[PDB]
Amino acid sequence: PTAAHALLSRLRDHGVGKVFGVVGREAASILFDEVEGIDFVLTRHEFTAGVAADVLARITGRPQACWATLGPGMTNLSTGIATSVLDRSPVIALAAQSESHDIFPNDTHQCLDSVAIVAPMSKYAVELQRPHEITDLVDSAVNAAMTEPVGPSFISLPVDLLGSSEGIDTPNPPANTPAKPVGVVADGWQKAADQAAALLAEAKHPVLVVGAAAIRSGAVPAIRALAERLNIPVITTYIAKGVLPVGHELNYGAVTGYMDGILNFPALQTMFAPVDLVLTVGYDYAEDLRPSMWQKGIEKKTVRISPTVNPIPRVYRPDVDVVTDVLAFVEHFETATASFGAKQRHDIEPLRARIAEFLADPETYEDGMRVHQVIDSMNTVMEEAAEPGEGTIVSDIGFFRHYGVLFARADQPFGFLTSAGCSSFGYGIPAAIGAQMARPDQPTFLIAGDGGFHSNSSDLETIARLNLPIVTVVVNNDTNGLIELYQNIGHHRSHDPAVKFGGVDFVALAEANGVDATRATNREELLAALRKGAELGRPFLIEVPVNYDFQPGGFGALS
Amino acid sequence: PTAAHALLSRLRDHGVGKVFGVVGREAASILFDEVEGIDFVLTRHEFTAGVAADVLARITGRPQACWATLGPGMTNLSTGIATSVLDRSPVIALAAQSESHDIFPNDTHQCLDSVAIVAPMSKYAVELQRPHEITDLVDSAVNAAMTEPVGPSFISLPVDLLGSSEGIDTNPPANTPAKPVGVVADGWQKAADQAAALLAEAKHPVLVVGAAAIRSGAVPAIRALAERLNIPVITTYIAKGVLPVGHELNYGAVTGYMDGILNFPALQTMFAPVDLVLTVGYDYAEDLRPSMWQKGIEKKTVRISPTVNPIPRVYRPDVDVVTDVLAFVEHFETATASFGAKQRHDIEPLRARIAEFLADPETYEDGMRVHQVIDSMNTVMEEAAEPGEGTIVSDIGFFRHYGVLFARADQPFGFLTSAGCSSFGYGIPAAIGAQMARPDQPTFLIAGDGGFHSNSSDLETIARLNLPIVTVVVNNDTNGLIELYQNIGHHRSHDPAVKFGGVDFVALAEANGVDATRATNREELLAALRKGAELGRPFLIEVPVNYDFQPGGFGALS
Amino acid sequence: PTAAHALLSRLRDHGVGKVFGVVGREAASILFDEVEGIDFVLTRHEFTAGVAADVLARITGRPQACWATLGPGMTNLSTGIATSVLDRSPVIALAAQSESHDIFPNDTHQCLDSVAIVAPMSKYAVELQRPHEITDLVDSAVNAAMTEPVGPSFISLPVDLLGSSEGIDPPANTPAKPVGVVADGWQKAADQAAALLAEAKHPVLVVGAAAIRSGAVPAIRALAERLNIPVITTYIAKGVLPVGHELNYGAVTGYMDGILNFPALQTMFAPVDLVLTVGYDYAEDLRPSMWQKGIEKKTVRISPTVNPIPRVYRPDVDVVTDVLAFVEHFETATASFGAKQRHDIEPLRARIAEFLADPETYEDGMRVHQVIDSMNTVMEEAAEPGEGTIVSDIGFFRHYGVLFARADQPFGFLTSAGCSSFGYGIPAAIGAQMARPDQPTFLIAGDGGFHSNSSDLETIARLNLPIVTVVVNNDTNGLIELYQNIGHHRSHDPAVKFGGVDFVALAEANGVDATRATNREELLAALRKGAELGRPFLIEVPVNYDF
Ligand SMILES: Cc1ncc(C[n+]2csc(CCOP(=O)(O)OP(=O)(O)O)c2C)c(N)n1
Ligand SMILES: Cc1ncc(C[n+]2csc(CCOP(=O)(O)OP(=O)(O)O)c2C)c(N)n1
Ligand SMILES: Cc1ncc(C[n+]2csc(CCOP(=O)(O)OP(=O)(O)O)c2C)c(N)n1
Ligand SMILES: [Mg+2]
Ligand SMILES: [Mg+2]
Ligand SMILES: [Mg+2]
């Protein structure tokens, strides 16, 4: 009864039921059957394992776990660890290491200085030295992972120590996992919140800009109730979509720096020009809604609310900075504004009409479909297949992703799922795996571009094996299209050797992996393929040829 | 004319004609057409890009370059960087970073502390700060990369500075070292004479030769030394082919897994009578460990390396000669010019056991056995290659150690695998690099389903570049190496940690534009290999296999 | 028989006979009497311990050792470590750490992440994990310390493991001289340097201390004498030619034009057309800008390291090899060359001599050039030919030592060129006197620097090291006042000015006899008393600089 047993058992104490990963020769020390109620989920690549854990942790609000072997195992995991540190999720990342007496980084076969590599991109990073201490290392890893900004904690596990029973006996202390993320709280935040209330009192057109930290705090119902009483519009980051339902009159949509260029419309101005008070609730620069994006039209006052001290005063200097738990802020603000009546909200109907126009685009194009037409089709079928307030649309990374930000249906928090902080291509499949395991009876659709999807396409077999009924739409233009855009923004022309691929038949690719698939080249075929996939009881993949036809000049907000 | 131009131009000065990578939004600052003579090679994943650079650098003996975007680009590239630091290749690894004024690691979108992440696994790691200095940073990167132990140097490139012309005017000589700079101890010549004196007394010496001997340019000189004094040559995985196939002093490669695979006391046969082991160009990372040769009688040891011994806890040679390998061999020639040839010891029982595995004529109900697959590969490689030419590449897994024992190598680096780092998925990028380095030679890859599928998407890259690689995927629907270790440790398996569902690799290959076929016996496999070798296009062959391993014969792994 | 025994025992195998340091609560695990032939040398501060070891390693050319307790012991040691890494000396630095099971940096009492703190300023840094491995950890430390650029290796020692015998029941092979790097084709680069030399009318050899570590002083001297090539040195390589030798063109410093009221640097370098930097190291602070005077020069870099600073120094010919090996191949390649006409620096020489002989009496105090003249006179009297050490602490006065101090042997003049920590004086004199027990050892220090580390006067008295110290006092961090004036054209006293310290009474409080000297006559007599006293002695001299 070894450190391997004590490790899995302590993970189970913190509520962990799955370990995502790829196991190496450390399997001599750990099988993964040692503890009832915790199972191993084998992936094709360690990135997929880390991102699956990240997303399961985001949707559940609880710590999750991923696993890799020594050396290149750990370095592959590290992109998943980077996803978690920048996207903010409490992940316990575990990696094997060389036998303790044989740790000579860059000399022993497969031996890297794992702690030194992973420490700069994690909340906590340690190597096991005495087998019985694994219990307390796991606890400290959870403690640091579950403190804002939430993130991954790493434990390196020399194979000899992982397989040792030295000092291990028969009743663990309580796990004491934080109920929700620990935050920091400045003395005098209540006063700062009252100053925010006094700004709201004077303001003609305030807005709430809501990031994911608001969701982790459990502040969604409270924020909605506050907004509905005071008639304050709710604008969001990418993953804060769905904090209000689709169709809510205060659902002013999400922001992306790409939106003016994609829509050939003054969308940022429409969204922010008349606003005189911006309250960034649970603000986090990593999400990439930046101050320059709301600095439109008239001069604005700002209120930052966050469970962290401002890490970026060079960029964001709020007029009022409220460092506290988001829910505690909202509850205090309700009391302070109880007597306040409702504002006249500003008018964004021209932007709404432009968005609706893209979604309804009836044209047929000689090349393939347009991405907005694809997402409108996905929206229609997700609305049919999901219960109200349920379902998940997942997006990999690419130019198409920002169409997702604008156009994708989200009818609950994290109803639209993508990587905002880290944005690694290939994110789509592991995110859909995590989303579907987190919401076992909800429809899970994934949209991915050809570039990113193929960077991590091999985990189609994992989807097949776990029989996760994800429907995947691959929008294919034989290009890293986002990068072709940036070539043109910077140089006013392309260079194909850096962005162009030859042909990949993703339908056939999927089928090689045991996932049924089909090609769709217009709305009618796409709606049929989506409806079939949604009802199939099995994974399904749809390849859709697309093109973009972008205006390189329309993207100045990206600087 | 920006720092992007000065960067590429300076790589060109050091002989670089290709940059492997995946480009991100730093494409706004760099196109990759700024310098004639340097082409970008786009891959599907950054790992492939790093490994291809690593292998190209190994075979050419010249610095090569790879490229990633910020954040997850860099971390993806980092497994390729780890490949180069542990396998020892001079790679200049380049990655974009957030705009200089906006670098807030873990707060700014996609911004990680790249230098801090990469420093521990590199020879040199720096962030560009003033555009015109990129020239001297590339120089410092090459310098550190080409000092033993050779390895990757890393430069982080803020997007704004990469695109800036500030301080750049319109170059000093490159001075690229033709071979790695080495460490040399005072008194190494005296240590080399003590080695000569041990050789005089020894009855059955061997030369155990690592890759560092190849880098030094010492292959012909070791061969002439060994032939004169009748000293057997035993190699690490990638020093296979320092002697030709069939050479009588070619005593084969070592792997820790050889006794278990052969079900034979192979290490004992190789080493028991030996009284003097000279480890020429020794490197522990290659995983030919002292415990492997410490069989039978007590032996004296001579370490020769262009580095100070980093592992005295494990290896305390009786004589340690810290110098360049070729310089050692030329002095040692002089010191031993008058010695009589040795009576070399017998390993024929081991040779016969290996030949017997290669000639295994059984048909199994399962699929094929891996030793039969490699036998078929050797046969066809010998037909298609000029003498002294051809490359067989191996990915990582249980089958890889069969490659070590069984795969044909008729030149230095004629059998390529990752000895130090051993990341699965290595095969495709290594075959790409090998084929670009030897454009007119046959390049064959063998990979297992586990590792092949970990990085199978760069099949599209092979098609796009039209590199006529022939790939054999040996498929048992398992991370078999790992099931073996489950059985060594626990005396049973646990499927959820090692088992996959079915993948059709033939169809997978064809989805990427690579022709392919299934082969289930020697006849079908020989025909598929001959078709692939004459095709003038890439080709893939899937072969069902099984292993049926004996966990009790792998004690040497501990 | 514990890991403490095994640690001391392995230091002993590598030739170490002294451990300089300050012991903390780890005394429970190590006494320092476990192994015969190793003595502990207790200092008042850890800095003094580190630097003493650095200097003893420099002179002996063998690895030396220093010791501190955990936490702030280790951080105090780190300035000594920094000295060793920038000045280049093979030092094994050892510090205790919290018990292994209680290592929680920044939470456990006195626990810092020692390895993370010291790794960036060392050749090697590790924490002991298994008691019996201390033997191999010491070997790897020595190995890394004795590879160019030579430097400190650090081992962190959790006190429970240090005092444990678990697992504790091979030749040391200590390198006799530093291991270095050698580039393929260096012989060919050396021949290109030979061809540059044939074409050159006025070559010079700029010699750094790495040339001394290679054992190349006699060979460089013979080369220089045969081809009539002047030799200029760094701060640390004064004495590679004897005092008086016609090719001993001296050391340079950036302040030498200012000190002499003379275009000294232009006189030294203006007509030179080939500079061979023999054993070059940027850390010795002879930068390319110092020789880039007058005509364009070709340059030859010779060093057993690959060039770390191509941004600053791009030699025309870069010879990466052992310095002695370069010199022997260069002898062969230049065997039949005619000797050069060497360029005239006699006006500079005559100026310097006029400076040193300055007979004026000043109202304020003495001038530092007069203090060094006096020290030179008495050193030449008290020392055998080719012997004696003058040590200099850091400050404005230090540049006077570089320019004018007598050095009749390699390391005959000591100072910190790389790190240049004030307080370096006392420890460097301790190390020098222990390295040369029968040779006279003089120290010159300024009031700012000397007082930063003056408590180790008690160590000098306890060890009865007959060091003669001269403290030049102007109640100021004078160099810093100079920098205020260079940048702002005025002083700001709160950042540079001290009140009075009576260094005579300070020395005597520490059990060191002392006296004040206010002119040449009093200083000569005081120096002669100190030199013959057979005990340490200190002399305070009032000085002023007046810029
Ligand atoms: C790991 C990683 N490397 C590189 C990038 C730069 N990048 C972002 S998305 C992307 C893929 C873009 O292509 P695609 O998935 O086809 O979407 P498209 O832009 O064509 O719409 C790339 C290469 C990245 N995001 N992540
Ligand atoms: C990046 C990485 N993760 C995990 C491992 C552990 N490992 C080594 S080889 C390998 C693949 C084994 O399966 P396969 O390629 O099918 O060969 P087999 O052992 O079945 O013969 C794995 C998972 C690894 N080598 N590299
Ligand atoms: C540890 C350290 N802190 C600060 C300095 C800056 N500094 C260099 S020398 C020096 C002392 C100058 O005063 P003094 O020793 O009296 O010599 P002076 O310059 O007056 O001639 C100081 C403060 C330093 N060298 N080292
Ligand atoms: Mg695309
Ligand atoms: Mg397999
Ligand atoms: Mg002073």
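Below, all heavy atoms of this structure are taken into account, side chains as well, without hydrogens, waters or symmetry copies. Note that ligands are numbered from 1 as they come in the structure, with each ligand's atoms numbered from 1 the same way. Every chain is numbered from 1 and lettered A, B, ... according to where its sequence line falls, protein lines coming before strand lines.
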Please list, chain by chain and in numerical order, all residues satisfying side-chain hydrogen bond (donor to acceptor under 3.5 Å, both in side chains) with C:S455, sequence neighbours excluded.
none
Both conditions, 6.0 Å and 45 degrees, for the charged tip of A:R370 above the ring of A:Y365: are they met here?
yes
Do the non-hydrogen side-chain atoms of A:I397 and A:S424 ever get within less than 4.5 Å of each other?
no
Return the set of residues passing side-chain hydrogen bond (donor to acceptor under 3.5 Å, both in side chains) with A:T518 (not counting sequence neighbours), or none when no residue passes.
none
Ring pair (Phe, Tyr, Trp, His ring centres under 6.0 Å) partner of A:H402, chosen from A:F555, A:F407, A:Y258, A:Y548:
A:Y258
If you count the non-hydrogen atoms of other residues, nucleotides and ligands that lie under 6.0 Å from CG in C:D493, is the total more than 12?
yes
dist B:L31:CG -> A:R493:CZ (nearest 0.5 Å) comes out at 5.0 Å
From C:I430 atom CD1 to C:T441 atom OG1, the distance as rounded to the nearest 0.5 Å:
11.0 Å
Is it the case that over 12 heavy atoms from other parts of the model lie below 6.0 angstrom from the CZ atom of C:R520?
yes
Filter the ligand 3-protein atom pairs down to N or O on both sides and distance under 3.5 Å, then list them.
| unit_1 | atom_1 | unit_2 | atom_2 | d |
| --- | --- | --- | --- | --- |
| ligand 3 | 13 (O) | C:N477 | OD1 | 3.3 |
| ligand 3 | 15 (O) | C:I394 | O | 3.4 |
| ligand 3 | 15 (O) | C:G449 | N | 2.9 |
| ligand 3 | 16 (O) | C:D447 | N | 3.0 |
| ligand 3 | 16 (O) | C:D447 | OD1 | 3.1 |
| ligand 3 | 16 (O) | C:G448 | N | 2.8 |
| ligand 3 | 16 (O) | C:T476 | O | 3.1 |
| ligand 3 | 19 (O) | C:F396 | N | 2.9 |
| ligand 3 | 19 (O) | C:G478 | N | 3.3 |
| ligand 3 | 19 (O) | C:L479 | N | 2.8 |
| ligand 3 | 20 (O) | C:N474 | OD1 | 3.4 |
| ligand 3 | 20 (O) | C:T476 | O | 3.2 |
| ligand 3 | 20 (O) | C:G478 | N | 3.0 |
| ligand 3 | 21 (O) | C:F396 | N | 3.3 |
| ligand 3 | 21 (O) | C:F397 | N | 3.3 |
| ligand 3 | 21 (O) | C:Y545 | OH | 2.3 |
| ligand 3 | 25 (N) | C:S420 | O | 3.2 |
| ligand 3 | 26 (N) | C:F422 | N | 3.1 |

Heteroatoms of the protein, restricted to N/O/S, which lie under 2.8 Å from the Mg ion (ligand 6):
C:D447 OD1, C:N474 OD1, C:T476 O
